[PDB]
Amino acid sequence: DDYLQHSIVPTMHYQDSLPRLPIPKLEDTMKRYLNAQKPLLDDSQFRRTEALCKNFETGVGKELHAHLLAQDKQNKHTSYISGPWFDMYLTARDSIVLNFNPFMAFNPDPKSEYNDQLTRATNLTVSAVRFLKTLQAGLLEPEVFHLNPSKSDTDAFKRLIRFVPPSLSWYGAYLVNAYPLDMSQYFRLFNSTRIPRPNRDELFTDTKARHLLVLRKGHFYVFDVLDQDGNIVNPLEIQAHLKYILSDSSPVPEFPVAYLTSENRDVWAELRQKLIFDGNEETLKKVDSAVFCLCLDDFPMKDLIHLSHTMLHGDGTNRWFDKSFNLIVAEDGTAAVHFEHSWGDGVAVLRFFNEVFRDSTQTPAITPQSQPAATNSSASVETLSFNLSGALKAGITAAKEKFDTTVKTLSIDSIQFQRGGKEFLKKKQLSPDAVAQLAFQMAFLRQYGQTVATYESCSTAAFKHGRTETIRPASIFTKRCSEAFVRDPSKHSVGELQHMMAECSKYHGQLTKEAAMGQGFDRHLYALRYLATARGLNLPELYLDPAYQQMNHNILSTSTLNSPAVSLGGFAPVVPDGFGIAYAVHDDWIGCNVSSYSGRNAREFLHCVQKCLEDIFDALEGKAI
């Protein structure tokens, strides 16, 4: 059948009974905010912030909190942060390229020849539509985080829970320490796009569409991957259409339209309207409503730097940046999912990503020896054409100048630390994630002699319409431990550094659990600011404090997702003087892919990260520094 999975439990079985996302006590948000400020502020900056905090907590903040709670109680079908968070993305006017869109790259097919570009593009594409079909059929297994997989993640639990009504099913999984996740974001994974509009962008979906959008040398192509009966088009026919696309010898267009999706959001909103005015609505509707966008690049990868540049931004001609995701397949079979961040988070993309990798490689639709179906692809496949006015052409030239000039200033480099990873760190009773994060704090002290605002993403998908919460890994413990390692290695014994590292780790683990439970401060303070603004009130003095603005000017912006499917990921910094740190602790090694603009140096930082991990592992091994 066309299904990559056959769950006896309906995909959506838990969604009705997911726990509502908790609003913290204002007193706890304030304390947690000040705790994260302690490592960042001089003493008089801190007392200034502490005083604004007390004024907020007793006054306008107390009142905002009261309304947020009452508003939440009116809207128990959703989460307090859902609207504000969507609005955060969609009102933002900056280019989504680099500011927002990340990538995750697949490991190769472990069968060498299956990495042929036509073979791999057909196989990945077909596994992606199989995902779509399985989700549509409610045959995708529900997302569940298990505390005791061996006992709750079992045929036997599944045969029982399927009988509990969705109004109560969450409770059953909870009672066996299993934690179902929100899956509402999968409504926008496919047939979906972000549409630029003034003020606030729009999220568009068209479930009725059956066609694929392919980009090659910046030419646009569509063909059906689902027939009129709802079945997947024969893979050997999909393979012929892809072969046919791969045979076009048209050079890159003089005005590649995809550039426009990299623009400032107001500029692009305006130019899109001109496109409609000049009669391109039908063409745009076909781009917008496609299952996803397949990008076919005609070069192989030179190295991981080249790979990261390619999957993160490319040359601007060959990604439709607005689309829910772009599935990229290069000339050497190197593939990745580049995605737009407003509609959903890493956790939902990861599931899709893991299922497609598994299916495409273990149950491939075609083989590298498959013969394409005899079929007339000039009938099946339409090459789209945009009617470009003089203003549209000038618009595209300007998009291209901005793209090229901004991209030139981006550097990305990586390290593979091979002394150890999870296995050694767990043996030492330390959280591996805390160790990675301490290394980044420590490397930055070494490189710049400062402690800076640090961001780590954490899913709150365990709750109804939960998104992410911010983990703030820069603490008084990472700061004191960094100072000990960098500023006076002499002063401390291996025992003391070991104990210091253990305190970082205990604090990190605490913030982690709190963030996953919705008990960080960032989302809560953001929702109060949002509410004040939406009510038409002046922005409260708390948010005008430079220490607040500084907390949200994230110089160290970090993220990790891990799975056997992912080789590496990448994203740009959020601020011009920042780093964008994609990392993973594996069983045996630690990988970081770091980005920076001109105002920082990724290469030196990785040298400092490398050095810091070696000192960390020595101290843990019993040696001096």
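Whichever C-alpha set is largest while still superposing within 1.5 Å between the two forms counts as the rigid core. Residue numbers here begin at 1 and follow the sequence given.
Annotation: of the segments 345-353 and 418-426, 345-353 departs further from this form in 6 other deposited structures of this protein (C-alpha atoms, root mean square over structures and residues, core superposition). For the two regions 600-608 and 8-16, the entry's Cα B-factors average higher over 600-608. Between the stretches 19-27 and 609-617, it is 609-617 that shows the larger average CA temperature factor. Across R93, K422, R319, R130, the greatest Cα temperature factor reported in the deposited entry is at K422. Comparing the listed residues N264, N191, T512, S493, the entry records the largest Cα B-factor for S493.
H65: CA B factor in the lowest third of modelled residues in this chain (values from the PDB entry).
Annotation for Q239: C-alpha temperature factor in the middle third relative to the rest of the modelled chain, per the entry.
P149: CA B factor in the highest third of modelled residues in this chain (values from the PDB entry). When the modelled residues of the chain are ordered by their C-alpha B factor, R535 lands in the highest third. Among the modelled residues of its chain, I412 has a C-alpha B-factor that falls in the middle third, as given in the PDB entry.
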